[PDB]
Each structure stands twice: as structure tokens, then as C-alpha cells.
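Enquirer: Just one file: structure27.txt, with compact mmCIF, C-alpha atoms.
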```
# COMPACT_ATOMS: atom_id res chain seq x y z
CA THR T 4 11.04 -13.43 -23.72
CA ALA T 5 11.30 -13.91 -19.96
CA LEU T 6 7.53 -14.43 -19.85
CA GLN T 7 7.87 -17.48 -22.11
CA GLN T 8 10.63 -18.80 -19.84
CA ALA T 9 8.35 -18.41 -16.82
CA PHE T 10 5.49 -20.07 -18.70
CA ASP T 11 7.37 -23.18 -19.78
CA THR T 12 9.13 -23.42 -16.41
CA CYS T 13 5.68 -23.50 -14.81
CA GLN T 14 4.61 -26.13 -17.35
CA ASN T 15 7.65 -28.27 -16.48
CA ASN T 16 6.87 -27.88 -12.77
CA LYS T 17 3.30 -29.03 -13.46
CA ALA T 18 4.63 -32.06 -15.32
CA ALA T 19 7.07 -32.96 -12.54
CA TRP T 20 4.42 -32.53 -9.84
CA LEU T 21 2.00 -34.76 -11.75
CA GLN T 22 4.71 -37.38 -12.26
CA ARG T 23 5.48 -37.38 -8.53
CA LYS T 24 1.77 -37.62 -7.72
CA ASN T 25 1.16 -40.66 -9.92
CA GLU T 26 4.34 -42.33 -8.65
CA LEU T 27 3.12 -41.83 -5.08
CA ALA T 28 -0.34 -43.12 -6.01
CA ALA T 29 1.10 -46.27 -7.59
CA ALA T 30 3.29 -46.88 -4.53
CA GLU T 31 0.28 -46.38 -2.24
CA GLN T 32 -1.95 -48.77 -4.18
CA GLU T 33 0.70 -51.49 -4.32
CA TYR T 34 1.39 -51.02 -0.60
CA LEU T 35 -2.30 -51.50 0.20
CA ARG T 36 -2.51 -54.51 -2.13
CA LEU T 37 0.50 -56.14 -0.46
CA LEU T 38 -0.70 -55.31 3.07
CA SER T 39 -4.07 -56.93 2.32
CA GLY T 40 -2.29 -60.02 0.93
CA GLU T 41 -1.42 -61.63 4.30
CA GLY T 42 2.23 -61.78 3.25
CA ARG T 43 5.11 -62.48 5.64
CA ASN T 44 7.29 -59.69 4.27
CA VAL T 45 7.71 -57.29 7.20
CA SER T 46 10.94 -55.88 5.76
CA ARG T 47 9.18 -55.36 2.42
CA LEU T 48 6.34 -53.52 4.15
CA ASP T 49 8.77 -51.33 6.11
CA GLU T 50 10.77 -50.32 3.05
CA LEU T 51 7.54 -49.66 1.14
CA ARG T 52 6.43 -47.38 3.98
CA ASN T 53 9.76 -45.58 3.65
CA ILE T 54 9.19 -45.22 -0.10
CA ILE T 55 5.67 -43.93 0.58
CA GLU T 56 6.97 -41.22 2.89
CA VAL T 57 9.79 -40.25 0.52
CA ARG T 58 7.25 -39.95 -2.30
CA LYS T 59 5.00 -37.77 -0.13
CA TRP T 60 7.91 -35.45 0.69
CA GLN T 61 8.85 -35.26 -3.00
CA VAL T 62 5.24 -34.46 -3.91
CA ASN T 63 5.15 -31.70 -1.30
CA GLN T 64 8.40 -30.20 -2.62
CA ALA T 65 7.19 -30.36 -6.23
CA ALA T 66 3.86 -28.76 -5.32
CA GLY T 67 5.64 -25.94 -3.49
CA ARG T 68 7.97 -25.35 -6.44
CA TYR T 69 5.04 -25.31 -8.86
CA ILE T 70 3.12 -22.87 -6.66
CA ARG T 71 6.09 -20.50 -6.40
CA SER T 72 6.65 -20.69 -10.17
CA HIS T 73 2.96 -19.89 -10.72
CA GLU T 74 3.28 -16.90 -8.41
CA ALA T 75 6.43 -15.76 -10.21
CA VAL T 76 4.87 -15.97 -13.68
CA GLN T 77 1.74 -14.15 -12.51
CA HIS T 78 3.92 -11.46 -10.92
CA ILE T 79 6.03 -10.95 -14.05
CA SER T 80 2.89 -10.82 -16.21
CA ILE T 81 1.45 -8.19 -13.87
CA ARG T 82 4.72 -6.26 -14.00
CA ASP T 83 4.79 -6.18 -17.80
CA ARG T 84 1.08 -5.42 -18.24
CA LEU T 85 0.99 -2.63 -15.65
CA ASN T 86 4.28 -1.31 -17.04
CA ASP T 87 2.91 -0.83 -20.55
CA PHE T 88 -0.47 0.43 -19.30
CA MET T 89 1.25 3.03 -17.13
CA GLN T 90 3.74 3.87 -19.89
CA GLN T 91 0.77 4.73 -22.10
CA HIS T 92 -1.47 6.49 -19.53
CA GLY T 93 1.23 8.06 -17.36
CA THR T 94 0.66 11.69 -18.29
CA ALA T 95 -2.97 11.58 -17.16
CA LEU T 96 -2.15 9.31 -14.20
CA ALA T 97 0.48 11.69 -12.82
CA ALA T 98 -1.74 14.69 -13.57
CA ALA T 99 -4.36 13.04 -11.36
CA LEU T 100 -1.64 12.64 -8.69
CA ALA T 101 0.13 16.00 -9.05
CA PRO T 102 -0.61 17.33 -5.51
CA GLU T 103 1.69 14.75 -3.88
CA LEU T 104 3.97 13.47 -6.68
CA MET T 105 5.70 16.61 -7.98
CA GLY T 106 9.13 17.42 -6.62
CA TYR T 107 9.81 13.74 -5.96
CA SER T 108 13.44 14.14 -7.07
CA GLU T 109 14.43 16.66 -4.38
CA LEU T 110 12.13 15.54 -1.55
CA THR T 111 13.59 13.93 1.56
CA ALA T 112 13.37 10.20 2.27
CA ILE T 113 10.60 10.49 4.86
CA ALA T 114 8.66 12.98 2.72
CA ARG T 115 9.06 10.78 -0.36
CA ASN T 116 7.84 7.70 1.53
CA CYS T 117 4.86 9.58 2.96
CA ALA T 118 3.91 10.96 -0.46
CA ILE T 119 4.17 7.58 -2.19
CA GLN T 120 2.17 5.96 0.63
CA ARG T 121 -0.59 8.55 0.26
CA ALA T 122 -0.65 8.07 -3.51
CA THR T 123 -0.61 4.29 -3.06
CA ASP T 124 -3.53 4.02 -0.65
CA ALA T 125 -5.54 6.65 -2.54
CA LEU T 126 -5.09 4.52 -5.66
CA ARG T 127 -6.09 1.49 -3.59
CA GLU T 128 -9.32 3.26 -2.62
CA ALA T 129 -9.93 4.11 -6.29
CA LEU T 130 -9.43 0.46 -7.23
CA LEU T 131 -11.88 -0.62 -4.54
CA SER T 132 -14.43 1.91 -5.80
CA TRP T 133 -14.07 0.60 -9.35
CA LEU T 134 -14.37 -3.03 -8.21
CA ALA T 135 -17.44 -2.22 -6.09
CA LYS T 136 -19.92 -1.99 -8.97
CA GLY T 137 -19.26 -5.59 -10.00
CA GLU T 138 -18.21 -5.82 -13.64
CA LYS T 139 -16.22 -8.59 -15.33
CA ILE T 140 -12.42 -8.41 -15.53
CA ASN T 141 -10.74 -9.94 -18.58
CA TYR T 142 -7.19 -10.99 -19.41
CA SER T 143 -5.06 -8.69 -21.53
CA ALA T 144 -5.36 -9.47 -25.23
CA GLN T 145 -1.60 -9.81 -25.71
CA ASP T 146 -1.18 -12.22 -22.78
CA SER T 147 -4.60 -13.92 -22.68
CA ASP T 148 -3.54 -17.38 -23.88
CA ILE T 149 -0.68 -17.83 -21.40
CA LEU T 150 -2.74 -16.75 -18.40
CA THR T 151 -5.68 -18.94 -19.48
CA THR T 152 -3.40 -21.97 -19.85
CA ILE T 153 -1.76 -21.35 -16.47
CA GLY T 154 -5.08 -20.56 -14.82
CA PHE T 155 -6.26 -17.90 -12.39
CA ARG T 156 -5.15 -19.93 -9.36
CA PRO T 157 -3.06 -23.08 -8.86
CA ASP T 158 -4.99 -26.33 -8.68
CA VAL T 159 -6.50 -27.28 -5.32
CA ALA T 160 -4.48 -30.50 -5.55
CA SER T 161 -1.36 -28.31 -5.23
CA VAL T 162 -2.39 -26.42 -2.08
CA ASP T 163 -3.60 -29.41 -0.05
CA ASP T 164 -0.24 -31.13 -0.64
CA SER T 165 1.68 -28.10 0.69
CA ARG T 166 -0.35 -27.18 3.79
CA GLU T 167 2.19 -28.94 6.04
CA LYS T 168 5.75 -27.66 6.49
CA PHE T 169 8.95 -29.61 7.10
CA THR T 170 11.67 -28.48 9.49
CA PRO T 171 15.16 -27.96 8.02
CA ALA T 172 16.47 -31.12 9.71
CA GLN T 173 13.53 -33.05 8.27
CA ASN T 174 14.19 -31.44 4.88
CA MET T 175 17.84 -32.53 4.80
CA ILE T 176 17.06 -36.03 6.11
CA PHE T 177 14.40 -36.46 3.43
CA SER T 178 16.83 -35.15 0.80
CA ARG T 179 19.39 -37.79 1.79
CA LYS T 180 16.74 -40.54 1.83
CA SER T 181 15.39 -39.48 -1.57
CA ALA T 182 18.88 -39.45 -3.07
CA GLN T 183 19.59 -42.91 -1.65
CA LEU T 184 16.26 -44.23 -2.95
CA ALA T 185 16.90 -42.79 -6.42
CA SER T 186 20.37 -44.35 -6.50
CA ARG T 187 18.97 -47.72 -5.38
CA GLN T 188 16.14 -47.65 -7.92
CA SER T 189 18.49 -46.63 -10.74
CA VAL T 190 20.22 -50.00 -10.31
CA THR W 4 -19.04 20.39 -5.69
CA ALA W 5 -17.50 20.18 -2.21
CA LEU W 6 -14.15 21.25 -3.67
CA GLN W 7 -15.30 24.88 -3.73
CA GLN W 8 -16.31 24.64 -0.07
CA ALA W 9 -12.89 23.19 0.75
CA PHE W 10 -11.18 25.97 -1.22
CA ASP W 11 -13.00 28.88 0.37
CA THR W 12 -12.55 27.23 3.77
CA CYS W 13 -8.84 27.32 2.90
CA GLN W 14 -9.16 31.01 2.05
CA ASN W 15 -10.99 31.72 5.32
CA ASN W 16 -8.19 29.88 7.13
CA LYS W 17 -5.71 32.24 5.47
CA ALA W 18 -7.81 35.14 6.72
CA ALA W 19 -7.97 33.83 10.29
CA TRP W 20 -4.35 32.67 10.50
CA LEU W 21 -2.92 35.90 9.09
CA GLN W 22 -5.09 37.86 11.52
CA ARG W 23 -3.78 35.80 14.44
CA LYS W 24 -0.21 36.20 13.19
CA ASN W 25 -0.22 39.97 12.79
CA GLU W 26 -2.18 40.52 16.02
CA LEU W 27 0.44 38.43 17.82
CA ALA W 28 3.23 40.40 16.14
CA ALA W 29 1.66 43.72 17.18
CA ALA W 30 1.21 42.53 20.77
CA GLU W 31 4.80 41.25 20.83
CA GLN W 32 6.28 44.51 19.56
CA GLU W 33 4.15 46.50 22.03
CA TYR W 34 5.34 44.24 24.86
CA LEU W 35 8.96 44.76 23.83
CA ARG W 36 8.38 48.52 23.62
CA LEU W 37 7.03 48.59 27.18
CA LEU W 38 9.78 46.27 28.44
CA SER W 39 12.57 48.39 26.94
CA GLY W 40 11.21 51.51 28.63
CA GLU W 41 11.92 52.44 32.24
CA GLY W 42 8.22 52.32 33.12
CA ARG W 43 7.48 50.13 36.13
CA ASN W 44 4.38 48.49 34.65
CA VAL W 45 4.87 45.07 36.21
CA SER W 46 1.17 44.18 36.11
CA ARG W 47 0.99 45.44 32.52
CA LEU W 48 4.00 43.29 31.63
CA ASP W 49 2.46 40.23 33.30
CA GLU W 50 -0.84 40.57 31.46
CA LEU W 51 1.09 41.24 28.24
CA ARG W 52 2.98 37.97 28.76
CA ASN W 53 -0.34 36.18 29.28
CA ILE W 54 -1.70 37.77 26.09
CA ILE W 55 1.42 36.76 24.14
CA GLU W 56 1.13 33.17 25.37
CA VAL W 57 -2.56 32.88 24.48
CA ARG W 58 -1.88 34.46 21.07
CA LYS W 59 0.86 31.92 20.36
CA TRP W 60 -1.61 29.19 21.30
CA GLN W 61 -4.22 30.68 18.96
CA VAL W 62 -1.64 30.89 16.16
CA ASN W 63 -0.75 27.23 16.71
CA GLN W 64 -4.43 26.27 16.56
CA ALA W 65 -4.93 28.28 13.36
CA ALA W 66 -1.87 26.68 11.75
CA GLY W 67 -3.13 23.22 12.66
CA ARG W 68 -6.54 24.06 11.21
CA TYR W 69 -4.83 25.19 8.00
CA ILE W 70 -2.82 21.97 7.80
CA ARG W 71 -5.98 19.90 8.27
CA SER W 72 -7.97 21.91 5.71
CA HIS W 73 -5.17 21.85 3.12
CA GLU W 74 -4.76 18.09 3.50
CA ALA W 75 -8.54 17.67 3.22
CA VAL W 76 -8.81 19.71 0.02
CA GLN W 77 -5.84 17.89 -1.50
CA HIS W 78 -7.45 14.55 -0.58
CA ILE W 79 -10.78 15.56 -2.12
CA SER W 80 -9.06 16.71 -5.32
CA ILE W 81 -7.07 13.47 -5.46
CA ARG W 82 -10.23 11.41 -4.98
CA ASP W 83 -12.04 13.28 -7.75
CA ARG W 84 -9.10 13.01 -10.16
CA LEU W 85 -8.72 9.29 -9.43
CA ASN W 86 -12.45 8.82 -9.98
CA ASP W 87 -12.31 10.55 -13.37
CA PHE W 88 -9.13 8.82 -14.56
CA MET W 89 -10.37 5.45 -13.31
CA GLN W 90 -13.74 5.78 -15.03
CA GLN W 91 -11.73 6.69 -18.14
CA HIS W 92 -9.21 3.81 -18.15
CA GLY W 93 -10.61 1.12 -15.86
CA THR W 94 -11.00 -1.38 -18.69
CA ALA W 95 -7.31 -1.06 -19.56
CA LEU W 96 -6.24 -1.17 -15.91
CA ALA W 97 -8.35 -4.30 -15.35
CA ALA W 98 -6.82 -5.87 -18.46
CA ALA W 99 -3.43 -5.15 -16.91
CA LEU W 100 -4.33 -6.45 -13.43
CA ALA W 101 -6.52 -9.42 -14.44
CA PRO W 102 -4.24 -12.26 -13.11
CA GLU W 103 -5.38 -11.51 -9.55
CA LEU W 104 -8.37 -9.14 -9.85
CA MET W 105 -11.12 -11.13 -11.55
CA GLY W 106 -13.35 -13.08 -9.19
CA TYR W 107 -12.79 -10.48 -6.47
CA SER W 108 -16.54 -10.25 -5.84
CA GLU W 109 -16.91 -13.87 -4.68
CA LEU W 110 -13.49 -14.23 -3.04
CA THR W 111 -13.23 -14.53 0.73
CA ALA W 112 -12.02 -11.71 2.97
CA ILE W 113 -8.39 -12.81 3.34
CA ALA W 114 -8.00 -13.64 -0.36
CA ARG W 115 -9.59 -10.32 -1.32
CA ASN W 116 -7.21 -8.41 0.96
CA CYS W 117 -4.17 -10.31 -0.34
CA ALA W 118 -5.13 -9.66 -3.97
CA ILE W 119 -5.72 -5.98 -3.19
CA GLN W 120 -2.31 -5.74 -1.52
CA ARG W 121 -0.57 -7.40 -4.47
CA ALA W 122 -2.28 -5.14 -7.01
CA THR W 123 -1.61 -2.09 -4.85
CA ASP W 124 2.11 -2.64 -4.36
CA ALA W 125 2.53 -3.62 -8.02
CA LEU W 126 1.00 -0.25 -8.88
CA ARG W 127 3.31 1.35 -6.31
CA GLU W 128 6.31 -0.22 -8.05
CA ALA W 129 5.03 1.10 -11.39
CA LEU W 130 4.69 4.60 -9.91
CA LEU W 131 8.21 4.33 -8.51
CA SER W 132 9.50 3.43 -11.98
CA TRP W 133 7.67 6.41 -13.50
CA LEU W 134 9.19 8.70 -10.87
CA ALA W 135 12.62 7.14 -11.44
CA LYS W 136 12.73 7.76 -15.18
CA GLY W 137 12.59 11.47 -14.34
CA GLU W 138 9.71 13.01 -16.29
CA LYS W 139 8.09 16.12 -14.81
CA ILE W 140 4.29 16.42 -14.59
CA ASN W 141 2.16 19.53 -14.13
CA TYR W 142 -1.19 19.82 -12.34
CA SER W 143 -4.55 18.56 -13.60
CA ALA W 144 -5.92 20.67 -16.44
CA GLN W 145 -9.48 20.75 -15.10
CA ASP W 146 -8.54 21.84 -11.57
CA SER W 147 -5.23 23.64 -12.06
CA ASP W 148 -6.12 27.02 -10.55
CA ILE W 149 -7.85 25.84 -7.35
CA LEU W 150 -4.83 23.71 -6.41
CA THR W 151 -2.21 26.19 -7.64
CA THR W 152 -3.43 29.12 -5.53
CA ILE W 153 -3.38 26.96 -2.39
CA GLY W 154 0.14 25.81 -3.29
CA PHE W 155 1.86 22.44 -3.51
CA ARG W 156 2.55 22.40 0.24
CA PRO W 157 1.44 24.53 3.20
CA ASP W 158 3.62 27.51 4.02
CA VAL W 159 6.75 26.93 6.11
CA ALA W 160 5.34 29.36 8.68
CA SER W 161 2.25 27.16 9.03
CA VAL W 162 4.62 24.21 9.60
CA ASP W 163 7.07 25.60 12.16
CA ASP W 164 4.38 27.55 14.03
CA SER W 165 2.40 24.31 14.47
CA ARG W 166 5.42 22.11 15.26
CA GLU W 167 4.92 22.21 19.03
CA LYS W 168 1.97 20.41 20.60
CA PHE W 169 -0.17 20.96 23.70
CA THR W 170 -1.60 18.43 26.13
CA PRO W 171 -5.42 18.48 26.47
CA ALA W 172 -5.13 20.15 29.89
CA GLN W 173 -3.14 22.97 28.29
CA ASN W 174 -5.68 23.13 25.47
CA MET W 175 -8.62 23.56 27.85
CA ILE W 176 -6.79 26.09 30.05
CA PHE W 177 -5.82 28.12 26.97
CA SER W 178 -9.39 27.94 25.65
CA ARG W 179 -10.67 29.30 28.96
CA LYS W 180 -8.04 32.06 28.95
CA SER W 181 -8.86 32.99 25.35
CA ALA W 182 -12.58 33.14 26.16
CA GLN W 183 -11.86 35.38 29.16
CA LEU W 184 -9.63 37.62 27.03
CA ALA W 185 -12.30 37.90 24.33
CA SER W 186 -14.93 38.77 26.94
CA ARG W 187 -12.66 41.42 28.47
CA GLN W 188 -11.82 42.94 25.07
CA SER W 189 -15.47 42.99 23.96
CA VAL W 190 -16.46 45.22 26.89
```
Can you give me the file's structure in the form of C-alpha cells?
Expert:
Amino acid sequence: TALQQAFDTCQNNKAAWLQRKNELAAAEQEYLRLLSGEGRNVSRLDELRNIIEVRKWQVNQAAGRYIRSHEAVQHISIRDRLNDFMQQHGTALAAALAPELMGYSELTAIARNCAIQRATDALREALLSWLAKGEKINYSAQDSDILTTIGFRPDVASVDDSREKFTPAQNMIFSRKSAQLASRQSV
Amino acid sequence: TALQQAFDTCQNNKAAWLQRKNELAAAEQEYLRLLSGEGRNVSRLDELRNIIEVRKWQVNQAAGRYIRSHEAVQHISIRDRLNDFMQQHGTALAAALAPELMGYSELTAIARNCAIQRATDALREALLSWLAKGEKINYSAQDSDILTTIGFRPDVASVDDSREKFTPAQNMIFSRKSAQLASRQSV
């Protein structure tokens, strides 16, 4: 049931990222409205700029968390699907790889690594040959709905908000500022 | 049908390498016979040493040629077996690997390479799990005999005889010496 946990964790990350995005958008629009209002509220403008930047940092963090959760759920789905496929086709698969897979138990570390590398890149070449002809690849029937709901790739609105990286000092400063802002807004 | 050409090239390499080995052994035992005797055949001993050196070089070259041919025939057999198994179960493997394999045709170079790497090392992890659970696998049914006469690995003699390497200058000098020796023996 770990796949369901990954799925709904990704859904929660999507929800949190969207909530952060609309909060930032509302703060941006009210900041522009107040700036265009010819108001003598310099302190108000400064603290709204601070809120804007805190919201941007929170949006970046949420987008990164959602992207990593998407990667994790895709990876676990791949693990399970390939695991059952290989569990069912393993006799033929290892028969096709007998010349460099037998004796794996007693082979040395360097020999084992060389053999698995040769098997791995030969299988890579086979995958490339199969993909060359240009057919259509479909989701597994058991796990089609979850992958369709999650999507093949994360939304482009999640990668453009994570293209810039924050230094650890910036990260901790923004964490303190966000905590202070949350405490102030809670009152 | 190149597998048969690889296999009888392997057999011819047996012929050549065994001929080099037993000719070198005969020359070595004859040299030791003449050295043990009281005969003052210093020129004979010198030319015998030259012959022994060029025969060791020829044995090394033959062992290297065997290693190359054996690796080539194993690679061809692996490619053919992967082609057959992949044409058999590509739909299932694509259903397993769909989360990052569909759309590969229109993806950019870097994305294509990253997806290939992720699929490839996921398959490597699956193969490691199969090896870990400890089930033994025999050779391919279709091509069992061709790859069981040649053996799982090249002979230990072909390995330790080819362990030492020669710089290209040594290779060309030894080629010239071998040509001169062949010309002298022919007449």
C-alpha cells in the first residue's frame, strides 16, 4: 500500500503548492494595487515586499517538494512494475543473459561489477533498438489510473518556480522570516 | 547467421593458439636440453633464446585474439537473445517502464538520455534482486551447444598467457623478427 501513500502524498503536495501559489498571487495583486494608489504608506509597502519574497520562497520550497514526491512515486511505481514483470519473465530473461550472469554467487567483486555492467548496457542497447521503431507505450493496466492522475511529467508551473536555488544561509533566514510571518498572521 | 562465423573463428583460434603453445613448449624443452648438456653451442643458445622470446610473443598475440573473439561471439549471442526476448515481451516491458518511456521519440537529447539512464539502472536493480534471491539459470535453449563448447569463460591459460602487454615498438620489432624467422624456416 506504499504506492497509495506516495500517491496521496503527491496529491497533498500539489494542494499545498497550489495554495502557496494563489496566496502569492493575491499578495502580488494587492501590492500592485496599493503601489498604484499613490499612498503614503512606505512601511506598508516595505512589509508587503517582505511578504512577497517570503511567499516566493515558500512557493519554491513547495514546488521542489512536489517535484521530489512526483519523482519518488514514479520511481516506486517503476520498481513495482519492473519487479513483477521480471518475476514473471525471469527464466527467459536470465536464459538470454546466461553467458555473463551465471556463477554470480562465487564471482569476485570486480568480476561481478563488470558482468552486471555488460548485462546492463547490453539491455540498454536492446531497449534503444525496441524504442527505435516508434510504437506507442502505455501505462500498466494495474497502475494506469494513478499514473494518469499524477501525469507523465510535473507541471511546467512547478519547474519554472524551482529553477533558482537558495544558499543554506538564505534558506535558514527565509525559514525564520516565514515562521515569524506565520506567527504574526495567526494573531 | 554470423554466429556460426564467430564460432568457427573461435575454433580456428583454438587451432592456432594450441599450435603456438605446443611449438613453444617443444622449443623450450629443446633449449633446456641443449643448455643442460656440455656442448658449447653459444650461438645456438642465443638463437634459441630469440626463438623462445618470439614464440612467447606469438602465444600472447594468439591468446589476445582468442579473448577478443570469445568476447565478440558472446556479445553477438547476447544481442541475438536480447532481440528475441525483447520482440517477445516488449509490450509487457513497456507497460512496466511507461512512467518515463512514452514520448521518448519527441523528447530532447538530454531528457532522452536521462530517461534511458533511469530505465536502465532500474532494470539493473531488478537484475540484482533476481541474482540476490539465488536462483540458478542454464543457457539459452536455442543456442546451448554453440556457447557451451566455447565455455562460460576463456581458459585460464589464455588469461595468464595474455596478462603481460607489449608497447607498439616491441610489437613491431617482434613482428619483424617473426617474419624473418618464418622466412628462414620456409627455406
Enquirer: Kindly determine which residues of chain W lie within 9 Å of chain T, considering all atoms listed in the file, and give the answer as an MDAnalysis selection string.
Expert: chainID W and resid 77:78 80:90 92:108 119:135 137 139:144 150 154:156
Enquirer: So that I have them on file, write out the residues from the current selection with C-alpha atoms, as a compact mmCIF listing (two decimals), keeping the file's coordinate frame.
Expert:
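Below is the file that was written, selection28.txt:
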```txt
# COMPACT_ATOMS: atom_id res chain seq x y z
CA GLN W 77 -5.84 17.89 -1.50
CA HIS W 78 -7.45 14.55 -0.58
CA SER W 80 -9.06 16.71 -5.32
CA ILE W 81 -7.07 13.47 -5.46
CA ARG W 82 -10.23 11.41 -4.98
CA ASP W 83 -12.04 13.28 -7.75
CA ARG W 84 -9.10 13.01 -10.16
CA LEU W 85 -8.72 9.29 -9.43
CA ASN W 86 -12.45 8.82 -9.98
CA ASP W 87 -12.31 10.55 -13.37
CA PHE W 88 -9.13 8.82 -14.56
CA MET W 89 -10.37 5.45 -13.31
CA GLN W 90 -13.74 5.78 -15.03
CA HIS W 92 -9.21 3.81 -18.15
CA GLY W 93 -10.61 1.12 -15.86
CA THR W 94 -11.00 -1.38 -18.69
CA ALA W 95 -7.31 -1.06 -19.56
CA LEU W 96 -6.24 -1.17 -15.91
CA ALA W 97 -8.35 -4.30 -15.35
CA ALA W 98 -6.82 -5.87 -18.46
CA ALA W 99 -3.43 -5.15 -16.91
CA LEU W 100 -4.33 -6.45 -13.43
CA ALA W 101 -6.52 -9.42 -14.44
CA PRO W 102 -4.24 -12.26 -13.11
CA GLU W 103 -5.38 -11.51 -9.55
CA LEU W 104 -8.37 -9.14 -9.85
CA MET W 105 -11.12 -11.13 -11.55
CA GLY W 106 -13.35 -13.08 -9.19
CA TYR W 107 -12.79 -10.48 -6.47
CA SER W 108 -16.54 -10.25 -5.84
CA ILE W 119 -5.72 -5.98 -3.19
CA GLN W 120 -2.31 -5.74 -1.52
CA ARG W 121 -0.57 -7.40 -4.47
CA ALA W 122 -2.28 -5.14 -7.01
CA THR W 123 -1.61 -2.09 -4.85
CA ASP W 124 2.11 -2.64 -4.36
CA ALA W 125 2.53 -3.62 -8.02
CA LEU W 126 1.00 -0.25 -8.88
CA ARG W 127 3.31 1.35 -6.31
CA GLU W 128 6.31 -0.22 -8.05
CA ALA W 129 5.03 1.10 -11.39
CA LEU W 130 4.69 4.60 -9.91
CA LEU W 131 8.21 4.33 -8.51
CA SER W 132 9.50 3.43 -11.98
CA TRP W 133 7.67 6.41 -13.50
CA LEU W 134 9.19 8.70 -10.87
CA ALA W 135 12.62 7.14 -11.44
CA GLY W 137 12.59 11.47 -14.34
CA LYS W 139 8.09 16.12 -14.81
CA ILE W 140 4.29 16.42 -14.59
CA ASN W 141 2.16 19.53 -14.13
CA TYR W 142 -1.19 19.82 -12.34
CA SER W 143 -4.55 18.56 -13.60
CA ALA W 144 -5.92 20.67 -16.44
CA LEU W 150 -4.83 23.71 -6.41
CA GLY W 154 0.14 25.81 -3.29
CA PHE W 155 1.86 22.44 -3.51
CA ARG W 156 2.55 22.40 0.24
```
Enquirer: Could you put an axis-aligned box around every listed atom of range 71-84 of chain T, padded by 6 Å on each side, and send me its centre and edge lengths in Å to one decimal, as AutoDock Vina command-line options?
Expert:
```
--center_x 3.9 --center_y -13.1 --center_z -12.3 --size_x 17.6 --size_y 27.3 --size_z 23.8
```
Enquirer: For residue 157 in chain T, find every residue with an atom within 10 Å (counting only C-alpha atoms), except residues of its own chain fewer than 2 positions away, and show them as a ChimeraX atom specification.
Expert: /T:17,66,69-71,73-74,153-155,159-162
Enquirer: Using CA of residue 30 in chain W and CA of residue 167 in chain W as the two end points, give the distance in Å to one decimal.
Expert: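 We find that CA of residue 30 in chain W and CA of residue 167 in chain W lie 20.7 Å from each other.
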Enquirer: Could you tell me how far CA of residue 19 in chain W lies from CA of residue 149 in chain W, in Å and to one decimal?
Expert: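 Separating CA of residue 19 in chain W from CA of residue 149 in chain W is a distance of 19.4 Å.
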Enquirer: So how many Å separate CA of residue 166 in chain W and CA of residue 181 in chain W, to one decimal?
Expert: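 Atom-to-atom, CA of residue 166 in chain W and CA of residue 181 in chain W are spaced 20.6 Å apart.
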